[PDB]
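Contents: one structure, followed by commentary.
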Amino acid sequence: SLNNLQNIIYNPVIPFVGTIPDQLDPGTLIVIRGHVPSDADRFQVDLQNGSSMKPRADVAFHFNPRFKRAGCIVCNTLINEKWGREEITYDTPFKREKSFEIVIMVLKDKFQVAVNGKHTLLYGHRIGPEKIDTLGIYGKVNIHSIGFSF
Ligand SMILES: OC[C@H]1O[C@@H](O[C@H]2[C@H](O)[C@@H](O)[C@H](O)O[C@@H]2CO)[C@H](O)[C@@H](O)[C@H]1O
Ligand code: NA
Ligand SMILES: [Zn+2]
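Residue numbers (the deposited numbering): 4 to 153.
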């Protein structure tokens with residue numbers, strides 16, 4: 004249910020980097036609605052521990068749709084500016100030129116991500132979700148709205 008969703012950011016400039024307004028506890032939703040441009044190669048939604056650029060902030064959850072060939076979604080974690088083991092999902096709902104809704108649900112042990120009302124993937128926590136305070140969106144994507152449900 005999105006009954007408790009509060010959208011707070013509309014049509015942000017990409018790259019977007021913003022502080023998440025509350026702690027990511029179990030049951031929390033992050034809802035991101037947008038559109039993939041016709042020329043898009045990839046974009047990413049990063050749940051970060053902070054906004055440092057140099058050195059680069061750890062990314063607890065990197066969610067990275069890629070559009071070349073058949074398309075896929077790569078998920079990973081960045082710690083100390085280095086990527087870990089990739090989890091690749093080949094069954095991807097994203098398409099160039101199409102609007103989407105991403106719902107990231109925070110659970111005790113993992114994130115559960117649904118796109119366009121359908122389950123897409125799970126990602127086990129590698130960094131405690133209490134350490135996530137920043138949402139970054141980068142790459143070739145247009146974002147209509149960002150909201151949270153706590
Ligand atoms: O793992 C997420 C991370 O991937 C990087 O690209 C990888 C690539 O997916 C892999 O196939 C290749 O062998 O090594 C690359 C470098 O680690 C991206 O560069 C990065 O932006 C993230 O998306
Ligand atoms: Na990156
Ligand atoms: Zn749209």
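Even for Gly, the Cβ is constructed at its ideal location relative to N, Cα and C.
Once the 5 residues before and after residue i are set aside, which same chain residues still bring their CB inside 6 Å of it?
i           : result
residue 178 : The shown model of the chain, from 4 to 153, leaves out residue 178, and the question about it has no answer.
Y93         : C75
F153        : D25, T31
According to the neighbour-count rule (16 or more other Cβ atoms, all chains shown, within 10 Å of its Cβ), is residue i buried or exposed?
i    : result
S41  : exposed
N79  : buried
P29  : exposed
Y13  : exposed
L5   : exposed
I107 : buried
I140 : buried
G127 : exposed
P18  : exposed
Throw me the rounded Cβ distance for the residue i and residue j pair, which I believe falls under 8 Å.
i    : j    : result
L50  : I135 : 5 Å
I105 : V144 : Between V144 and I105 the Cβ distance is about 10 Å, and since that is not below 8 Å, they are no contact.
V39  : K98  : 7 Å
Identify, in the order they occur along the chain, each residue of the same chain with its Cβ nearer than 8 Å to the Cβ of residue i, setting aside the five sequence neighbours on each side.
i    : result
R69  : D44, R45, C75, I76, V77
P96  : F103, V118, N119, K121, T123
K111 : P29
In chain order, what residues of the same chain have a beta carbon less than 7 Å from the beta carbon of residue i, not counting five sequence neighbours either side?
i    : result
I130 : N52, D61, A63, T80
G150 : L8, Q9, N10, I11, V34
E84  : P58, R59
How is residue i classed by DSSP in three states: helix, strand or coil?
i    : result
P132 : helix
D61  : strand
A73  : coil
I140 : strand
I33  : strand
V16  : coil
Enumerate, from N- to C-terminal direction, the unbroken beta strand (DSSP E) stretches of 3 or more residues contained entirely within the region 83-110.
-> Secondary structure remark: continuous beta strand (DSSP E) runs of at least 3 residues inside the region 83-110, in chain order: 90-92, 102-109.
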